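Asks: Take this structure, written in structure tokens, and hold onto it; I'll ask about it next.
Derivation of every value follows stated rules applied to the coordinates shown; laboratory data play no part. Using ideal geometry, Cβ is built from the backbone for each residue, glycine included, and neighbour counts are taken over all protein chains shown.
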Amino acid sequence: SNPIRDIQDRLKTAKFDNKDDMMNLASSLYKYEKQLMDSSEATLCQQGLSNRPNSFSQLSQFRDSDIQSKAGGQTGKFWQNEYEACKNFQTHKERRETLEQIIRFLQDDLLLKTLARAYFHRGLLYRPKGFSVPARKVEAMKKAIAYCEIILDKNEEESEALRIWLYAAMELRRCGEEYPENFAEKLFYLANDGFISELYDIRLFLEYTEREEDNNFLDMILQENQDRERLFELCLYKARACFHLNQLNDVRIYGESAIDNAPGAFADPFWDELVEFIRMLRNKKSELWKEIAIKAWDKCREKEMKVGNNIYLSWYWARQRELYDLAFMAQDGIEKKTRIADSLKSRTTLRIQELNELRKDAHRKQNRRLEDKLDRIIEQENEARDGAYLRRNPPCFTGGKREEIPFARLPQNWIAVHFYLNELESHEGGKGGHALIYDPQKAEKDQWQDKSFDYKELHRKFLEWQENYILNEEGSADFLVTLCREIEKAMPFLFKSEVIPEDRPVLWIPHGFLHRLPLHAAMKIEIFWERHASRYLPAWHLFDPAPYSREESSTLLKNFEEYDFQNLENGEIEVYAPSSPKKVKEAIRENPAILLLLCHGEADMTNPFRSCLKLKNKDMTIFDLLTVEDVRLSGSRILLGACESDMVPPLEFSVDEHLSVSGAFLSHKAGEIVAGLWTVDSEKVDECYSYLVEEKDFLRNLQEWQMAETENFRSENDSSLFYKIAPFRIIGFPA
RNA sequence: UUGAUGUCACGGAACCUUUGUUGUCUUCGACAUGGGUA
RNA sequence: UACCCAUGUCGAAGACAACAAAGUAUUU
């Protein structure tokens, strides 16, 4: 760079009456000091300035207090202008460096106004991730307000300071803070000014419109120029303005235009404003709200498809859940309600499944560098669930052939129950819980029912059982019985034949914490499994019946030396013990007909990827399973004898997901998995899985086993015995 | 100087990064002071 | 507003110049 030479050139030209000369001189001297403070390579310059008496006189004149302090504000304003010009050509890092340079340089009303605007723009860079806002965003907006109030304490008519103050106050509200005090009075001054300086002002005059109920300024908005980059956002403001003028057809037109041009990135503020607009329409009870909500859902669903990995998916798309709640309430058709519900489920597991598919093709083609990319994405996802900072942008992957599965592809003798837990409806005091039930044998106009229930008390009793389980654990059996009776209290329709016809099998597609429950064990005494056999899927778009594996080979791997599994160890399947993770990795690439694993297991309390199987000399985690190079399990049947092999951490993740060990095996396209929702007894495991292996029809045989044990439950209604029958469930839907 | 049928704050390491360092022969010769006489 | 010299004595430097706190990613 050679900044010393730049100081020479400026000192040749400069005269002290001229703004540009002093602006340039101040800039050059500041850059010199900056390079010294950075210990830059420019510090190797040992040269000095020539014409020493002249240079001394000119520097001594510049460093007059008024001259340099005058030049400071002008340099700051010039940099602030050039930033706001090139802002959308810069990357984030260099936008940040520009703004922080301005702030450090400026740390007179011109200076204070420039510094307030710089802090306002520095805050705008921070974006919420998940349901959390960065603290520094709030900090920046509060500092902008603090600087603004020095000017406004002595000149309340100053338009720029007032506007910056109002912008920062609106951002505080957006972050979930309250408005600062005397917001109303200052917002009334702004309307006494009555002119749009910048795009943000349109949002202020609408706030004024909604507060003073005054329509004068709406014609300014409707006449605003269309030659803008963020056209979708301007059109959304047009729609609001038309609504206050009751120009409802133009509201429809502008709203449709805004949604049709929505941006791809869910980090964009457009997506917040759209949901606020729909909530405004709904709260004013306008009939337009149902049209706009369904189009907004369709656009959001279209663009979720283009999100590149689970990290961005968890950060930014997860915040759009309320839009699906609103669209679910707008939509009256039950099948279309079910489509809206299903589009929210297991969006991360879908991408893990696609990565597992990609790894197959890389291995068979020996594309090593692609395997490293596939490993990096899983590693970074594991980091993100620990909340760690990511140094590198995670890579993006295009999706698989995501066809929309027709509901007609369910076989004719089944019943399907689709759950949805609408938080917005629940929080407003409605039922909020929905069960959408499909009977494919009826005429098409009668094939769907929609049953609704209140899930607050069921969720409380779930949390209560969960905590008692973590602390006791088997002393929690009474709380399990309480929860299972609460299932029937909440969903009394489960035991009515006009809802679920006689003795047909049921497929469950849960949502939220309902993935955690033993719905097959709902207790009227009569248990649900006495009426129907049950099967589970995480989501309907994962429905994919494939044939069972053809291989004439099966394996039992055991690392469990406290106990003798007399029934399993005298079957026709050969047993290898004590099994290490290497043996599991070997069996997993032979595509066995039946694979049994008998070992201890443990679900993690914080991060799903750390849930593990306790094998001989080393634990095998979900992270290990999802990074095994060569895996061949298409159509295999898997029986997990491990405790908590279908459990997940006692937390609510930002997106709907059930990443248990069983879920990990399903993401490798296993045919069906049997696993435990909590701790499992070794004798019950032995006697259940021996019968399943002998009679190779898991759906009927698990029901027969459950019924045959229930007759010993009835003689005394012992909670401890029910605690031992209930945990087993089947996941997956083979051909 | 509380308000009451509901407080995990013993629910949170002032933590993290930084070389008292860079340059210098224990050497060596002409200099002080202000008048005096016509 | 000209001219002329006269006397022989004696240690010096003892730290100086620079820096005097500065930084501390939240994301296509």
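Asks: If I ask for residues that are over 20 Å from A:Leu436 (Cβ atoms) and not in a helix (DSSP H, G or I), which ones from the range A:466-500 would you list?
Replies: Once the filter is applied, which keeps residues that are over 20 Å from A:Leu436 (Cβ atoms) and not in a helix (DSSP H, G or I), the range A:466-500 yields only A:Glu473.
Asks: State all residues of the range A:104-132 that are within 10 Å of RNA strand C (Cβ to nearest atom) and aliphatic (A, V, I, L, M); if no residue qualifies, say none.
Replies: Result: A:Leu124, A:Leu125.
Asks: Which residue, of A:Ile405, A:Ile377, is under 30 Å from A:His92 (Cβ atoms), hydrophobic (A, V, I, L, M, F, W, C) and touching a helix residue (DSSP H, G or I) at 6+ places or on another chain (Cβ under 8 Å)?
Replies: On the way: A:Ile405 fails: under 30 Å from A:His92 (Cβ atoms).
Testing whether each residue is under 30 Å from A:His92 (Cβ atoms), hydrophobic (A, V, I, L, M, F, W, C) and touching a helix residue (DSSP H, G or I) at 6+ places or on another chain (Cβ under 8 Å) leaves just A:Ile377.
Asks: Turning to a different aspect of this structure: Within the range A:63-92, track down each residue that is outside any helix (DSSP H, G or I) and in contact with a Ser or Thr (Cβ under 9 Å, 6 or more places away or on another chain). Steps first, please.
Replies: Taking the range A:63-92 and keeping what is outside any helix (DSSP H, G or I), we get A:63-64, A:87-91.
Those that are outside any helix (DSSP H, G or I) and in contact with a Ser or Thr (Cβ under 9 Å, 6 or more places away or on another chain): A:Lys87, A:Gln90.
Asks: Ok, one more. Please count how many residues of the range A:1-46 are within 17 Å of A:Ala71 (Cα to Cα), assigned to a loop (DSSP other than H, G, I, E, B) and not polar (S, T, N, Q).
Replies: So the count comes out to 4.
Asks: Only one residue in A:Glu304, A:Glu354, A:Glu335 is among the acidic types (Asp, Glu), in contact with a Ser or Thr (Cβ under 8 Å, 6 or more places away or on another chain) and closer than 17 Å to A:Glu404 by Cβ. Which one?
Replies: On the way: A:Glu354 fails: in contact with a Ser or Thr (Cβ under 8 Å, 6 or more places away or on another chain); A:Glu335 fails: in contact with a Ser or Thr (Cβ under 8 Å, 6 or more places away or on another chain).
Within the list A:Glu304, A:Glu354, A:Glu335, the selection yields A:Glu304.
Asks: Still on this model: So, in the range A:308-350, exactly how many residues are within 16 Å of RNA strand C (Cβ to nearest atom), within 16 Å of A:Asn382 (Cα to Cα) and touching an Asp or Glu at 6+ places or on another chain (Cβ under 9 Å)?
Replies: The qualifying residues number 6.
Asks: Taking A:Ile378, is it more than 22 Å from the chain's Cα centre (by Cα) and aliphatic (A, V, I, L, M)?
Replies: Details: more than 22 Å from the chain's Cα centre (by Cα): no; aliphatic (A, V, I, L, M): yes.
No.
Asks: OK, next. Of the numbered conditions (1) more than 15 Å from RNA strand C (Cβ to nearest atom); (2) of a type outside the set (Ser, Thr, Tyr); (3) in a helix (DSSP H, G or I); (4) surrounded by 15 or more Cβ atoms within 10 Å (Cβ to Cβ), A:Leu49 fails exactly one; give the number of that condition.
Replies: Here A:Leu49 meets the rest and fails (3).
Asks: If only one of A:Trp297, A:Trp289, A:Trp271 is buried (at least 17 other Cβ atoms within 10 Å of the Cβ), away from RNA strand C (no atom under 16 Å from the Cβ), under 18 Å from the mean Cα position of the chain (by Cα) and part of a helix (DSSP H, G or I), which one is it? Explain how you work it out, then say what you get.
Replies: Working: A:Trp289 fails: under 18 Å from the mean Cα position of the chain (by Cα); A:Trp271 fails: away from RNA strand C (no atom under 16 Å from the Cβ).
Going through A:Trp297, A:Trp289, A:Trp271 in turn, the sole match is A:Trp297.
Asks: Sticking with this structure for a sec: Restricting to the range A:69-94, and then to whatever is farther than 20 Å from A:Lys113 by Cβ and not polar (S, T, N, Q), can you tell me which residue is farthest from RNA strand C (Cβ to nearest atom)?
Replies: Step one: of the range A:69-94, the residues farther than 20 Å from A:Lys113 by Cβ are A:86, A:88-94.
Applying the additional criterion that residues be not polar (S, T, N, Q) yields A:86, A:89, A:92-94.
On the way: A:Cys86: 16, A:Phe89: 13, A:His92: 4, A:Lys93: 7, A:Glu94: 10 Å.
Restricting to residues being farther than 20 Å from A:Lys113 by Cβ and not polar (S, T, N, Q), the top hit is A:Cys86.
Asks: Collect the residues in the range A:235-268 that are out of contact with any helix residue (DSSP H, G or I) (no Cβ under 7 Å at 6 or more places or on another chain) and either within 16 Å of RNA strand C (Cβ to nearest atom) or over 20 Å from A:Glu302 (Cα atoms) (or both), keeping them in residue-number order.
Replies: In the first step, residues of the range A:235-268 are kept if they are out of contact with any helix residue (DSSP H, G or I) (no Cβ under 7 Å at 6 or more places or on another chain); the result is A:246-247, A:249, A:253, A:260, A:265, A:267-268.
Within the range A:235-268, A:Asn246, A:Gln247, A:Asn249, A:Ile253, A:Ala265, A:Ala267, A:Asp268 meet the criteria.
Asks: Taking the range A:135-153 as the search range and keeping residues that are within 16 Å of RNA strand C (Cβ to nearest atom) and in contact with a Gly (Cβ under 9 Å, 6 or more places away or on another chain), which one is farthest from A:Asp268 (Cα to Cα)?
Replies: The first filter runs over the range A:135-153 and keeps only residues within 16 Å of RNA strand C (Cβ to nearest atom), leaving A:135-141, A:143.
Those still in the list that are in contact with a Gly (Cβ under 9 Å, 6 or more places away or on another chain) too: A:136-141, A:143.
Working: A:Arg136: 19, A:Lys137: 16, A:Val138: 18, A:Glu139: 21, A:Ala140: 19, A:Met141: 19, A:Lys143: 24 Å.
Result: A:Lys143.
Asks: Give me the pairs, please: first residue somewhere in the range A:387-398 and more than 16 Å from A:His92 (Cα to Cα), second residue anywhere and among the charged types (D, E, K, R) and near RNA strand C (Cβ under 6 Å from one of its atoms), beta-carbon distance under 8 Å, and either six or more positions apart or on two chains.
Replies: none
Asks: Additional query: Just the residues that are part of a helix (DSSP H, G or I) and of a type in the set (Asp, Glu), please, taken from the range A:218-240.
Replies: Applying the first criterion (part of a helix (DSSP H, G or I)) to the range A:218-240 yields A:218-222, A:231-240.
Residues satisfying the conditions are A:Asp219, A:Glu233.
Asks: Can we say A:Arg369 is on the phi < 0 side of the Ramachandran plot and either acidic (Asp, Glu) or in contact with a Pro (Cβ under 7 Å, 6 or more places away or on another chain) (or both)?
Replies: Values: on the phi < 0 side of the Ramachandran plot: yes; either acidic (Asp, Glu) or in contact with a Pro (Cβ under 7 Å, 6 or more places away or on another chain) (or both): no.
Answer is no for this residue.
Asks: Can you tell me which of (1) out of contact with any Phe, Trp or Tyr (no Cβ under 8 Å at 6 or more places or on another chain); (2) surrounded by fewer than 16 Cβ atoms within 10 Å (Cβ to Cβ); (3) in a loop (DSSP other than H, G, I, E, B) is the one A:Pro180 doesn't meet?
Replies: Here A:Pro180 meets the rest and fails (2).
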